[PDB]
Structure formats: structure tokens, C-alpha cells
file run.csv (CSV, C-alpha atoms)
chain,number,residue,atom,x,y,z
A,16,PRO,CA,13.7,33.8,91.0
A,17,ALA,CA,14.5,33.5,87.3
A,18,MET,CA,18.1,34.7,87.0
A,19,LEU,CA,18.6,32.3,89.9
A,20,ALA,CA,17.3,29.8,87.4
A,21,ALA,CA,19.5,31.5,84.7
A,22,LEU,CA,22.3,31.4,87.3
A,23,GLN,CA,21.7,27.7,87.9
A,24,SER,CA,21.7,26.6,84.3
A,25,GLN,CA,22.2,27.8,80.7
A,26,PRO,CA,26.1,28.3,80.9
A,34,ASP,CA,24.1,33.7,73.7
A,35,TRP,CA,24.7,34.0,70.0
A,36,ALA,CA,25.3,37.8,69.7
A,37,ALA,CA,28.2,37.4,72.1
A,38,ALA,CA,29.5,34.6,69.9
A,39,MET,CA,29.3,36.3,66.5
A,40,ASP,CA,30.6,39.4,68.2
A,41,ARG,CA,33.8,37.6,69.1
A,42,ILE,CA,34.5,35.3,66.2
A,43,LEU,CA,33.9,38.3,63.9
A,44,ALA,CA,36.3,40.1,66.2
A,45,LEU,CA,33.9,43.0,67.0
A,46,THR,CA,34.6,43.1,70.7
A,47,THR,CA,36.4,46.0,72.4
A,48,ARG,CA,38.9,44.8,75.0
A,49,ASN,CA,40.7,42.0,73.2
A,50,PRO,CA,39.6,41.7,69.6
A,51,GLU,CA,42.6,39.4,68.9
A,52,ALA,CA,41.1,36.6,71.1
A,53,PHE,CA,39.2,34.1,68.9
A,54,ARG,CA,41.8,34.3,66.1
A,55,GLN,CA,44.6,32.8,68.2
A,56,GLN,CA,42.7,29.7,69.5
A,57,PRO,CA,43.6,26.3,68.1
A,58,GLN,CA,42.1,25.8,64.7
A,59,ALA,CA,39.9,23.2,66.3
A,60,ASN,CA,38.0,25.7,68.4
A,61,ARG,CA,37.8,28.2,65.6
A,62,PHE,CA,36.0,25.5,63.6
A,63,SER,CA,33.7,24.7,66.5
A,64,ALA,CA,32.5,28.2,67.1
A,65,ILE,CA,32.1,29.4,63.5
A,66,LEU,CA,29.6,26.7,62.6
A,67,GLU,CA,27.5,28.0,65.5
A,68,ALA,CA,27.0,31.6,64.5
A,69,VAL,CA,26.5,30.4,61.0
A,70,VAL,CA,23.8,27.9,61.7
A,71,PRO,CA,22.7,28.2,65.3
A,72,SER,CA,21.7,24.9,67.1
A,73,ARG,CA,18.3,24.7,68.6
A,74,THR,CA,17.6,24.3,72.3
A,75,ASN,CA,15.0,22.8,74.6
A,76,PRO,CA,14.1,25.3,77.3
A,77,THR,CA,11.5,23.3,79.3
A,78,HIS,CA,13.8,22.3,82.2
A,79,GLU,CA,15.2,25.9,82.5
A,80,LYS,CA,11.8,27.6,83.0
A,81,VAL,CA,10.5,24.7,85.0
A,82,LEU,CA,13.4,25.3,87.2
A,83,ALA,CA,12.4,28.9,87.0
A,84,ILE,CA,9.1,27.9,88.7
A,85,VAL,CA,10.4,25.7,91.5
A,86,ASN,CA,12.9,28.4,92.5
A,87,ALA,CA,9.8,30.5,92.9
A,88,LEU,CA,7.6,28.2,94.9
A,89,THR,CA,10.3,27.3,97.4
A,90,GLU,CA,11.0,31.0,97.9
A,91,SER,CA,7.5,31.9,98.8
A,92,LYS,CA,6.9,28.9,100.8
A,93,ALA,CA,5.2,26.1,99.2
A,94,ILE,CA,7.4,23.0,98.4
A,95,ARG,CA,10.0,23.0,101.2
A,96,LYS,CA,13.6,23.6,100.4
A,97,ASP,CA,14.4,19.9,100.8
A,98,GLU,CA,11.5,18.7,98.5
A,99,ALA,CA,12.6,20.5,95.3
A,100,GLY,CA,13.9,17.2,94.0
A,101,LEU,CA,10.5,15.5,93.9
A,102,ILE,CA,8.5,18.6,92.9
A,103,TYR,CA,10.9,19.2,90.1
A,104,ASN,CA,10.8,15.7,88.7
A,105,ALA,CA,7.0,15.7,89.1
A,106,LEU,CA,6.5,19.0,87.3
A,107,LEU,CA,8.9,18.0,84.6
A,108,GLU,CA,7.2,14.7,84.0
A,109,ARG,CA,3.7,16.3,83.9
A,110,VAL,CA,5.0,18.9,81.5
A,111,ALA,CA,6.9,16.2,79.7
A,112,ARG,CA,3.6,14.4,79.1
A,113,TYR,CA,0.9,16.8,78.2
A,114,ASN,CA,3.6,19.1,76.6
A,115,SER,CA,2.8,21.0,73.5
A,116,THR,CA,2.8,24.5,72.3
A,117,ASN,CA,0.0,24.5,74.7
A,118,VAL,CA,1.7,23.9,77.9
A,119,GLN,CA,5.3,24.9,76.7
A,120,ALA,CA,3.8,28.3,76.5
A,121,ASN,CA,1.6,28.3,79.4
A,122,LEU,CA,4.7,27.9,81.3
A,123,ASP,CA,6.5,30.7,79.7
A,124,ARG,CA,3.7,33.1,80.8
A,125,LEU,CA,3.8,31.7,84.3
A,126,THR,CA,7.6,32.1,84.6
A,127,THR,CA,7.6,35.6,83.1
A,128,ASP,CA,4.7,36.7,85.3
A,129,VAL,CA,5.5,35.1,88.7
A,130,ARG,CA,8.8,37.0,88.8
A,131,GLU,CA,7.0,40.2,87.8
A,132,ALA,CA,3.8,39.8,89.8
A,133,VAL,CA,5.9,40.0,92.9
A,134,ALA,CA,4.9,43.5,93.7
A,135,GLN,CA,2.0,42.3,95.8
A,136,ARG,CA,4.4,40.1,97.7
A,137,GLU,CA,6.5,43.2,98.2
A,138,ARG,CA,3.4,45.1,99.3
A,139,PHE,CA,2.6,42.2,101.6
A,140,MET,CA,5.8,43.1,103.5
A,141,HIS,CA,5.7,46.9,103.1
A,142,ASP,CA,2.4,47.6,104.8
A,143,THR,CA,2.1,44.2,106.5
A,144,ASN,CA,-1.3,44.0,104.8
A,145,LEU,CA,-1.2,40.3,105.5
A,146,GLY,CA,-1.5,40.0,109.2
A,147,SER,CA,-1.4,43.6,110.6
A,148,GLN,CA,-4.1,45.7,109.0
A,149,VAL,CA,-6.4,42.9,107.8
A,150,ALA,CA,-6.2,41.4,111.3
A,151,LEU,CA,-6.5,44.7,113.1
A,152,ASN,CA,-9.2,46.0,110.8
A,153,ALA,CA,-10.8,42.7,111.7
A,154,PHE,CA,-10.3,43.1,115.5
A,155,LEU,CA,-11.5,46.6,115.4
A,156,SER,CA,-14.7,45.1,114.1
A,157,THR,CA,-14.9,42.8,117.1
A,158,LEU,CA,-14.5,45.7,119.5
A,159,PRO,CA,-17.6,47.1,121.2
A,160,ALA,CA,-19.7,49.6,119.3
A,161,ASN,CA,-17.6,52.6,118.5
A,162,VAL,CA,-19.6,54.7,121.0
A,163,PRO,CA,-18.0,54.1,124.5
A,164,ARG,CA,-19.8,55.8,127.3
A,165,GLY,CA,-17.3,58.0,129.0
A,166,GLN,CA,-15.3,59.7,126.3
A,167,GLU,CA,-14.5,59.5,122.6
A,168,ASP,CA,-10.8,59.8,123.0
A,169,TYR,CA,-11.4,56.1,122.1
A,170,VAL,CA,-11.1,56.8,118.4
A,171,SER,CA,-7.8,58.6,118.6
A,172,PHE,CA,-6.3,55.7,120.5
A,173,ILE,CA,-7.7,53.1,118.2
A,174,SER,CA,-6.3,55.1,115.2
A,175,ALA,CA,-2.9,55.4,116.8
A,176,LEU,CA,-3.0,51.6,117.0
A,177,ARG,CA,-3.6,51.3,113.2
A,178,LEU,CA,-0.8,53.9,112.5
A,179,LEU,CA,1.6,51.9,114.7
A,180,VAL,CA,0.8,48.6,112.9
A,181,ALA,CA,1.1,50.3,109.5
A,182,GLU,CA,4.4,52.2,110.2
A,183,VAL,CA,6.4,49.5,111.9
A,184,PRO,CA,6.7,46.8,109.2
A,185,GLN,CA,9.2,44.9,111.3
A,186,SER,CA,6.8,42.2,112.2
A,187,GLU,CA,4.0,43.7,114.3
A,188,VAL,CA,1.9,40.6,113.5
A,189,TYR,CA,-1.6,40.5,114.9
A,190,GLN,CA,-2.5,36.8,115.6
A,191,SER,CA,-5.8,35.7,116.5
A,192,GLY,CA,-4.4,33.1,118.9
A,193,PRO,CA,-7.9,32.0,119.9
A,194,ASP,CA,-10.7,34.2,121.2
A,195,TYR,CA,-8.4,37.2,121.9
A,196,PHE,CA,-6.4,38.9,119.3
A,197,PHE,CA,-2.8,39.6,120.5
A,198,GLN,CA,-0.3,42.3,119.2
A,199,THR,CA,3.3,41.5,118.8
A,200,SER,CA,6.1,44.1,118.9
A,201,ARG,CA,8.5,42.0,116.8
A,202,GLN,CA,9.1,38.5,115.5
A,203,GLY,CA,11.1,38.1,118.6
A,204,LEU,CA,7.8,38.7,120.4
A,205,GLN,CA,9.2,39.7,123.8
A,206,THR,CA,6.4,42.3,124.2
A,207,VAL,CA,3.4,40.1,123.4
A,208,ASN,CA,0.5,42.3,124.7
A,209,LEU,CA,-3.0,41.0,124.7
A,210,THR,CA,-5.4,43.1,122.6
A,211,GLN,CA,-8.6,41.5,123.7
A,212,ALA,CA,-7.4,42.3,127.3
A,213,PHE,CA,-7.7,46.0,126.8
A,214,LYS,CA,-11.4,45.7,127.3
A,215,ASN,CA,-10.1,47.0,130.6
A,216,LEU,CA,-9.5,50.2,129.0
A,217,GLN,CA,-13.3,50.5,128.1
A,218,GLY,CA,-13.3,51.6,131.6
A,219,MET,CA,-11.0,54.5,132.0
A,220,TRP,CA,-11.8,55.8,128.4
A,221,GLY,CA,-12.7,59.0,130.1
A,222,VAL,CA,-11.8,59.8,133.5
A,223,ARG,CA,-9.7,62.4,135.4
A,234,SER,CA,-3.9,51.1,139.7
A,235,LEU,CA,-6.6,49.3,137.8
A,236,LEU,CA,-4.5,48.9,134.7
A,237,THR,CA,-2.8,45.6,134.7
A,238,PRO,CA,0.6,46.2,133.0
A,239,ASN,CA,-0.8,44.3,129.9
A,240,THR,CA,-2.7,47.5,129.3
A,241,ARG,CA,0.3,49.4,130.5
A,242,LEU,CA,2.3,47.4,127.9
A,243,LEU,CA,0.0,48.5,125.1
A,244,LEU,CA,0.3,52.1,126.3
A,245,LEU,CA,4.0,52.0,126.4
A,246,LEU,CA,4.0,50.3,123.0
A,247,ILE,CA,2.0,52.9,121.2
A,248,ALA,CA,2.8,56.0,123.2
A,249,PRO,CA,5.6,57.1,120.8
A,250,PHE,CA,3.0,57.4,118.1
A,251,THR,CA,0.8,59.8,120.2
A,252,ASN,CA,1.2,63.6,120.1
A,253,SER,CA,-1.7,65.8,121.1
A,254,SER,CA,-4.1,63.0,120.3
A,255,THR,CA,-5.2,61.1,123.2
A,256,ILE,CA,-5.6,64.4,124.9
A,257,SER,CA,-6.1,66.8,127.8
A,258,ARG,CA,-6.1,65.6,131.3
A,259,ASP,CA,-8.4,62.9,130.1
A,260,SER,CA,-7.3,61.1,133.1
A,261,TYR,CA,-4.9,58.5,133.4
A,262,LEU,CA,-5.2,57.6,129.7
A,263,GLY,CA,-4.2,61.0,129.0
A,264,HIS,CA,-1.4,61.6,131.2
A,265,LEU,CA,0.0,58.1,131.2
A,266,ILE,CA,0.4,58.4,127.6
A,267,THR,CA,2.3,61.7,128.0
A,268,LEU,CA,4.3,60.3,130.9
A,269,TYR,CA,5.2,57.2,128.9
A,270,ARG,CA,6.4,59.4,126.1
A,271,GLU,CA,8.4,61.5,128.6
A,272,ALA,CA,9.9,58.3,129.9
A,273,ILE,CA,10.7,57.2,126.4
A,274,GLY,CA,12.6,60.4,125.8
A,275,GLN,CA,14.4,60.1,129.1
A,276,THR,CA,15.2,56.5,128.1
A,277,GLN,CA,16.8,57.7,124.9
A,278,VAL,CA,18.8,60.2,126.9
A,279,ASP,CA,19.9,57.6,129.4
A,280,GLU,CA,20.8,55.2,126.6
A,281,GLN,CA,23.1,57.6,124.9
A,282,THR,CA,24.5,58.6,128.3
A,283,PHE,CA,25.2,55.0,129.3
A,284,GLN,CA,26.9,54.3,126.1
A,285,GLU,CA,29.0,57.4,126.6
A,286,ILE,CA,29.9,56.5,130.2
A,287,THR,CA,30.8,53.0,129.2
A,288,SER,CA,32.9,54.2,126.3
A,289,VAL,CA,34.8,56.6,128.7
A,290,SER,CA,35.9,53.5,130.6
A,297,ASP,CA,30.6,46.7,137.0
A,298,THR,CA,27.2,48.2,137.7
A,299,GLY,CA,28.4,51.8,137.8
A,300,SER,CA,26.4,53.8,135.3
A,301,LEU,CA,23.4,51.5,135.8
A,302,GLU,CA,23.0,52.9,139.3
A,303,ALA,CA,23.1,56.6,138.7
A,304,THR,CA,21.0,56.2,135.5
A,305,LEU,CA,18.2,54.0,136.7
B,878,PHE,CA,55.5,-3.9,60.8
B,879,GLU,CA,58.4,-6.2,61.0
B,880,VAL,CA,59.2,-8.6,63.8
B,881,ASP,CA,61.8,-11.4,64.2
B,882,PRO,CA,61.0,-15.0,64.0
B,883,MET,CA,59.4,-16.7,67.0
B,884,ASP,CA,57.9,-20.1,66.7
B,885,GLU,CA,54.6,-19.5,68.4
B,886,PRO,CA,52.1,-17.6,66.4
B,887,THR,CA,52.1,-14.3,68.0
B,888,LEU,CA,49.6,-11.6,67.4
B,889,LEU,CA,50.6,-7.9,66.9
B,890,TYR,CA,48.4,-5.9,69.1
B,891,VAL,CA,48.3,-2.4,67.6
B,892,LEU,CA,46.1,0.0,69.6
B,893,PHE,CA,45.1,2.7,67.0
B,894,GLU,CA,44.0,5.1,69.7
B,895,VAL,CA,41.3,7.8,69.5
B,896,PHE,CA,38.9,9.8,71.4
B,897,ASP,CA,36.3,7.6,73.2
B,898,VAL,CA,33.8,9.8,75.3
B,899,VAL,CA,30.4,8.9,76.7
B,900,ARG,CA,28.1,11.7,78.0
B,901,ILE,CA,25.3,10.2,80.3
B,902,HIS,CA,22.6,12.9,80.7
B,903,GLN,CA,19.8,12.0,83.3
B,904,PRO,CA,16.7,13.9,82.5
B,905,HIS,CA,13.4,12.8,84.3
B,906,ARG,CA,14.4,10.8,87.5
B,907,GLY,CA,14.6,7.4,86.2
B,908,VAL,CA,16.1,7.6,82.9
B,909,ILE,CA,19.8,7.8,82.0
B,910,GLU,CA,20.5,8.4,78.4
B,911,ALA,CA,24.0,7.6,77.1
B,912,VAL,CA,25.5,9.0,73.9
B,913,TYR,CA,29.0,7.6,73.1
B,914,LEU,CA,31.5,8.4,70.1
B,915,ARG,CA,34.9,7.0,69.1
B,916,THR,CA,36.6,9.0,66.5
B,917,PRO,CA,38.8,7.0,64.3
B,918,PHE,CA,36.3,4.1,64.0
B,919,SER,CA,32.9,5.6,65.0
B,920,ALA,CA,30.1,4.5,67.2
B,921,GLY,CA,26.6,5.2,68.5
B,922,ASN,CA,26.3,9.0,68.5
B,923,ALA,CA,23.4,7.3,70.2
call {"tool": "encode", "arguments": {"input": "run.csv", "output": "C-alpha cells"}}
result
Amino acid sequence: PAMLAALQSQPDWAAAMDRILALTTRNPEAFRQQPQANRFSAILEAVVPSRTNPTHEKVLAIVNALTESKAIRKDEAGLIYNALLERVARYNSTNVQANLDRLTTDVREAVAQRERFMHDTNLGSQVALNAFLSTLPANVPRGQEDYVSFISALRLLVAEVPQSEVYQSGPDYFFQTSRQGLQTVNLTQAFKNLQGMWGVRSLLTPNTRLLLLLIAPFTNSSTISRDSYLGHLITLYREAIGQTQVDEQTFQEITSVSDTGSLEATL
Amino acid sequence: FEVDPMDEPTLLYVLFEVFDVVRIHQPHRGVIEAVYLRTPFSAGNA
């Protein structure tokens, strides 16, 4: 967000007194040959460099930052830029003209948090979930305490699938997405229909089934035993996921050999 | 310069040429700043 300001403005002096002096490597005999007008319009630069006025540049180094995180929309950085320039062209001083400098050489460096924001989704995945888990009932359900293993598999899923896995709080009911596409929106305040079977050995509306199928991959010997339903189903969903991988590769193979066809004797 | 005789005062019109640039800038939206030059007679490096 700065070199995009460098690569939007500011067309050096070492590179100029490295060429006039003929200290380059590839073609030293470069500056000598130019017309004796250029060679007298580049020698009086690396002999008495001309000052500059950097405000615009680093101000453009701030706009290109805002509009890349999300404030000032892409189409408004022609009013924001003028407004910022005129503000910093009023109150300017070594005061502000520096306070910028720090802002521009910190905003491009203090981007690690932003990177973190999208590397553990600690923006709407764990802060939301670790909020929703605090809206759950007490952590002592009656039947079993396979509860905690499931509720931890949920956190692991949300933390190890950065894709989007956003956890909205679309009003009273917090709902889990499986991707920004969102074609597996399962309601996470509607598994207070699993605070039923948390411990037993057709009452699951697929919404609950959707959550089970969504996390299952991330369950191993955790939700465990023959803890009824919740146990097996998870195991059966994992088995079905493996079989689905098998059938996926099989169908690609059988359609690369060559119409419903494979879809029948696969499904 | 030497021209043959006509009977109506004529006026020679030499055009000593020379570079004549102008480099408008446009900083803060609302201002245009112009800085001309003419190099064999000189003007507003303004």
C-alpha cells in the first residue's frame, strides 16, 4: 500500500551519479553518448540535488491504504484525497508533515494484525463462537459430557478452515457458514436440539444433521463410544465422507475414460 | 533583409522562433497553476 503509492507516483540520486559518473555495469558508455544538452541537464542534478515536496506522495500512501481495508470506497478516493491534502496543506508543519510519515510507515507495517485477522479468522469466527459458546446452556448437560468434545471440535473447525467460516449473529440465533458462498448455512442456535441426545444409545432435523456432516471430518475418537446416535452418526458421516471421496475420484476416472451413467452405479 | 520596391508600406514579419512551453500542474482541486517559458525572449517562469 506504499509501493503502490511509489508505483503511482515519483517516476533517485545514487542511480543518477552512478550513471553520469559511468559506474554502472551493463552499459557504462550510456550517459556519455547522449546529446550535450541532456549531459548538462543531468550533471547539475548530482552536483546540487533539487529539493522535493513529498506530502502528496505519502498522502497518496494513506488513501491507498484506507481504500484497501475498506473505509473510503474505491470511487471516493478523489474527494478523500483532496480533503486530506487540503487539511494537511493547512495545518501543515514539521508537526503534521511528520505525523504523516509515521502513519504511512506504520500502516504498511502494522498490517500483521490484519493478516492475523484472516489467518485465524479471529474477527468473526472465534470471537463470535467464543461468544456463542458463552450463550450456550451451562457446560453441564444432564445426559453426557461428550458435549465438550463436540463443542471443541466446533472451535477447531472454525479455527482450521479460514476460508470464510463466518459466524454471524443474524439476530437471536448465531448461524455457522461453511463458506462465503454460504450454501451450507446451518443454524447454531438450533442445535439446542442436540441438548437432547447428548447422551443416549429421527428427532434430528437435518439442520442438526447439517452441523454433524459439517464437523464430522474433524472428529476422530472424540465424540465417542456408542454414545448413541451422536456417536455413531458422527462415525457414519465420516465413513460417508470417505466413501464420497472414493466415489468422487471414481466418477472423475469413469468420465475421463469416456449421460447419467456413472451417477447411477455410484449413488 | 532586402526586398524590392512596393508602394504600400509593407511590414517584414520575421518569426524568430523558440521554445514556448506551459506546464499547468493542478494540485488541491480547485487550483491550476501555470508556469510558462519562451527561450529566446523569456517569460514568466511563473
call {"tool": "interface_residues", "arguments": {"input": "run.csv", "of": "chain B", "to": "chain A", "cutoff": "10 Å", "atoms": "only C-alpha atoms", "output": "ChimeraX atom specification"}}
result
/B:904-907
call {"tool": "residues_near_point", "arguments": {"input": "run.csv", "point": "(14.9, 25.4, 82.1)", "cutoff": "10 Å", "atoms": "all atoms listed in the file", "output": "mmCIF file with C-alpha atoms, in the frame of the given file"}}
result
data_model
loop_
_atom_site.group_PDB
_atom_site.id
_atom_site.type_symbol
_atom_site.label_atom_id
_atom_site.label_comp_id
_atom_site.auth_asym_id
_atom_site.auth_seq_id
_atom_site.Cartn_x
_atom_site.Cartn_y
_atom_site.Cartn_z
ATOM 1 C CA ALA A 17 14.500 33.500 87.300
ATOM 2 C CA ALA A 20 17.300 29.800 87.400
ATOM 3 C CA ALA A 21 19.500 31.500 84.700
ATOM 4 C CA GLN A 23 21.700 27.700 87.900
ATOM 5 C CA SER A 24 21.700 26.600 84.300
ATOM 6 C CA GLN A 25 22.200 27.800 80.700
ATOM 7 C CA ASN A 75 15.000 22.800 74.600
ATOM 8 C CA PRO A 76 14.100 25.300 77.300
ATOM 9 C CA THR A 77 11.500 23.300 79.300
ATOM 10 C CA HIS A 78 13.800 22.300 82.200
ATOM 11 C CA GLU A 79 15.200 25.900 82.500
ATOM 12 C CA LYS A 80 11.800 27.600 83.000
ATOM 13 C CA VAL A 81 10.500 24.700 85.000
ATOM 14 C CA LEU A 82 13.400 25.300 87.200
ATOM 15 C CA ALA A 83 12.400 28.900 87.000
ATOM 16 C CA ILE A 84 9.100 27.900 88.700
ATOM 17 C CA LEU A 107 8.900 18.000 84.600
#
call {"tool": "atom_distance", "arguments": {"input": "run.csv", "atom1": "atom CA of residue A:139", "atom2": "atom CA of residue A:171"}}
result
25.8 Å
call {"tool": "atom_distance", "arguments": {"input": "run.csv", "atom1": "atom CA of residue A:35", "atom2": "atom CA of residue A:65"}}
result
10.9 Å
call {"tool": "closest_atom_pairs", "arguments": {"input": "run.csv", "of": "stretch 93-198 of chain A", "to": "stretch 237-250 of chain A", "cutoff": "9 Å", "atoms": "all atoms listed in the file", "output": "JSON lines"}}
result
{"residue": "A:172", "atom": "CA", "partner": "A:247", "partner_atom": "CA", "distance": 8.8}
{"residue": "A:175", "atom": "CA", "partner": "A:250", "partner_atom": "CA", "distance": 6.4}
{"residue": "A:176", "atom": "CA", "partner": "A:247", "partner_atom": "CA", "distance": 6.7}
{"residue": "A:178", "atom": "CA", "partner": "A:250", "partner_atom": "CA", "distance": 7.6}
{"residue": "A:179", "atom": "CA", "partner": "A:247", "partner_atom": "CA", "distance": 6.6}
{"residue": "A:198", "atom": "CA", "partner": "A:243", "partner_atom": "CA", "distance": 8.6}
call {"tool": "residues_around", "arguments": {"input": "run.csv", "residues": "residue B:912", "least_positions_apart": "5", "cutoff": "6 Å", "atoms": "only C-alpha atoms", "output": "number ranges by chain"}}
result
B: 899-900, 922-923
call {"tool": "atom_distance", "arguments": {"input": "run.csv", "atom1": "atom CA of residue A:16", "atom2": "atom CA of residue A:117"}}
result
23.2 Å
call {"tool": "residues_around", "arguments": {"input": "run.csv", "residues": "residue A:39", "least_positions_apart": "5", "cutoff": "10 Å", "atoms": "only C-alpha atoms", "output": "ChimeraX atom specification"}}
result
/A:34,44-46,64-65,67-69
call {"tool": "decode", "arguments": {"input": "run.csv", "residues": "stretch 178-290 of chain A", "atoms": "C-alpha atoms", "output": "mmCIF file, in the first residue's frame"}}
result
data_model
loop_
_atom_site.group_PDB
_atom_site.id
_atom_site.type_symbol
_atom_site.label_atom_id
_atom_site.label_comp_id
_atom_site.auth_asym_id
_atom_site.auth_seq_id
_atom_site.Cartn_x
_atom_site.Cartn_y
_atom_site.Cartn_z
ATOM 1 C CA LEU A 178 -11.194 -26.469 15.879
ATOM 2 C CA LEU A 179 -13.279 -26.458 12.693
ATOM 3 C CA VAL A 180 -13.736 -22.701 12.808
ATOM 4 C CA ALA A 181 -10.024 -22.179 13.533
ATOM 5 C CA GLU A 182 -8.636 -24.545 10.882
ATOM 6 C CA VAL A 183 -10.835 -23.561 7.940
ATOM 7 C CA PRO A 184 -10.006 -19.892 7.321
ATOM 8 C CA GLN A 185 -11.912 -19.962 4.038
ATOM 9 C CA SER A 186 -14.707 -17.900 5.462
ATOM 10 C CA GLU A 187 -16.489 -19.912 8.174
ATOM 11 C CA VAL A 188 -18.012 -16.668 9.419
ATOM 12 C CA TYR A 189 -20.223 -16.857 12.496
ATOM 13 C CA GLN A 190 -22.922 -14.217 12.152
ATOM 14 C CA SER A 191 -25.199 -13.291 14.884
ATOM 15 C CA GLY A 192 -28.117 -12.839 12.430
ATOM 16 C CA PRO A 193 -30.450 -11.966 15.301
ATOM 17 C CA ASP A 194 -31.155 -14.101 18.298
ATOM 18 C CA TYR A 195 -29.586 -17.298 16.897
ATOM 19 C CA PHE A 196 -25.975 -17.440 15.901
ATOM 20 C CA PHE A 197 -25.527 -19.240 12.455
ATOM 21 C CA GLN A 198 -22.394 -21.045 11.085
ATOM 22 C CA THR A 199 -21.387 -20.622 7.467
ATOM 23 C CA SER A 200 -19.298 -23.184 5.619
ATOM 24 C CA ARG A 201 -18.055 -20.684 3.014
ATOM 25 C CA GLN A 202 -18.597 -17.140 1.739
ATOM 26 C CA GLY A 203 -20.749 -18.869 -0.855
ATOM 27 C CA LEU A 204 -22.859 -19.888 2.141
ATOM 28 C CA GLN A 205 -24.644 -22.889 0.620
ATOM 29 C CA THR A 206 -24.437 -24.790 3.887
ATOM 30 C CA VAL A 207 -25.810 -22.189 6.294
ATOM 31 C CA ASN A 208 -26.568 -24.210 9.410
ATOM 32 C CA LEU A 209 -28.254 -22.653 12.401
ATOM 33 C CA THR A 210 -26.132 -22.876 15.529
ATOM 34 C CA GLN A 211 -28.846 -21.802 17.980
ATOM 35 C CA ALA A 212 -30.945 -24.599 16.519
ATOM 36 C CA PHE A 213 -28.728 -27.323 17.887
ATOM 37 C CA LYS A 214 -30.372 -26.755 21.232
ATOM 38 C CA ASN A 215 -31.988 -29.868 19.844
ATOM 39 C CA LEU A 216 -28.881 -31.695 20.415
ATOM 40 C CA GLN A 217 -29.086 -30.860 24.196
ATOM 41 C CA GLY A 218 -31.305 -33.749 23.998
ATOM 42 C CA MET A 219 -29.443 -36.647 22.549
ATOM 43 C CA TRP A 220 -26.179 -35.565 24.261
ATOM 44 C CA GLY A 221 -26.096 -38.964 25.694
ATOM 45 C CA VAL A 222 -28.179 -41.738 24.523
ATOM 46 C CA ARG A 223 -27.762 -45.186 22.955
ATOM 47 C CA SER A 234 -35.301 -39.314 13.612
ATOM 48 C CA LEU A 235 -35.551 -36.389 16.022
ATOM 49 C CA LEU A 236 -32.618 -34.609 14.363
ATOM 50 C CA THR A 237 -33.854 -32.112 11.848
ATOM 51 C CA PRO A 238 -31.208 -32.105 9.091
ATOM 52 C CA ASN A 239 -30.091 -28.698 10.362
ATOM 53 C CA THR A 240 -28.543 -30.657 13.190
ATOM 54 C CA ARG A 241 -27.613 -33.275 10.609
ATOM 55 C CA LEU A 242 -26.030 -30.468 8.607
ATOM 56 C CA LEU A 243 -23.839 -29.467 11.557
ATOM 57 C CA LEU A 244 -22.861 -33.088 12.134
ATOM 58 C CA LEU A 245 -21.908 -33.572 8.494
ATOM 59 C CA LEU A 246 -20.072 -30.241 8.586
ATOM 60 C CA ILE A 247 -17.792 -31.001 11.532
ATOM 61 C CA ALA A 248 -17.540 -34.813 11.292
ATOM 62 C CA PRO A 249 -14.258 -34.724 9.333
ATOM 63 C CA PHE A 250 -12.691 -33.078 12.375
ATOM 64 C CA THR A 251 -13.762 -35.862 14.737
ATOM 65 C CA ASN A 252 -11.619 -38.940 15.422
ATOM 66 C CA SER A 253 -12.155 -40.889 18.658
ATOM 67 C CA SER A 254 -13.601 -37.830 20.334
ATOM 68 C CA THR A 255 -17.317 -37.817 20.355
ATOM 69 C CA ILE A 256 -17.088 -41.371 21.355
ATOM 70 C CA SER A 257 -18.304 -44.890 22.066
ATOM 71 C CA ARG A 258 -21.760 -45.909 21.100
ATOM 72 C CA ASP A 259 -22.858 -42.742 22.709
ATOM 73 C CA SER A 260 -25.880 -43.154 20.698
ATOM 74 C CA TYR A 261 -26.753 -41.520 17.682
ATOM 75 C CA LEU A 262 -24.357 -38.645 18.296
ATOM 76 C CA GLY A 263 -21.741 -41.166 18.409
ATOM 77 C CA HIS A 264 -22.363 -43.291 15.530
ATOM 78 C CA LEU A 265 -23.789 -40.695 13.277
ATOM 79 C CA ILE A 266 -20.580 -38.858 13.507
ATOM 80 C CA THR A 267 -18.726 -42.071 12.635
ATOM 81 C CA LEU A 268 -21.188 -42.886 9.850
ATOM 82 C CA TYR A 269 -20.879 -39.351 8.472
ATOM 83 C CA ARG A 270 -17.105 -39.733 8.438
ATOM 84 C CA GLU A 271 -17.492 -43.101 6.709
ATOM 85 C CA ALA A 272 -19.769 -41.471 4.139
ATOM 86 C CA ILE A 273 -17.218 -38.685 3.644
ATOM 87 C CA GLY A 274 -14.516 -41.242 2.906
ATOM 88 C CA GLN A 275 -16.829 -43.106 0.551
ATOM 89 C CA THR A 276 -17.696 -39.784 -1.086
ATOM 90 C CA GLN A 277 -14.018 -39.110 -1.723
ATOM 91 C CA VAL A 278 -13.744 -42.610 -3.192
ATOM 92 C CA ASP A 279 -16.770 -42.084 -5.420
ATOM 93 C CA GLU A 280 -15.552 -38.631 -6.466
ATOM 94 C CA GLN A 281 -12.250 -39.952 -7.762
ATOM 95 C CA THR A 282 -14.089 -42.919 -9.274
ATOM 96 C CA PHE A 283 -16.537 -40.696 -11.162
ATOM 97 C CA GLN A 284 -13.784 -38.444 -12.482
ATOM 98 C CA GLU A 285 -11.946 -41.563 -13.654
ATOM 99 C CA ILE A 286 -15.055 -43.060 -15.284
ATOM 100 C CA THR A 287 -15.868 -39.790 -17.043
ATOM 101 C CA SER A 288 -12.262 -39.443 -18.202
ATOM 102 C CA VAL A 289 -12.404 -42.960 -19.680
ATOM 103 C CA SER A 290 -15.224 -41.669 -21.883
#
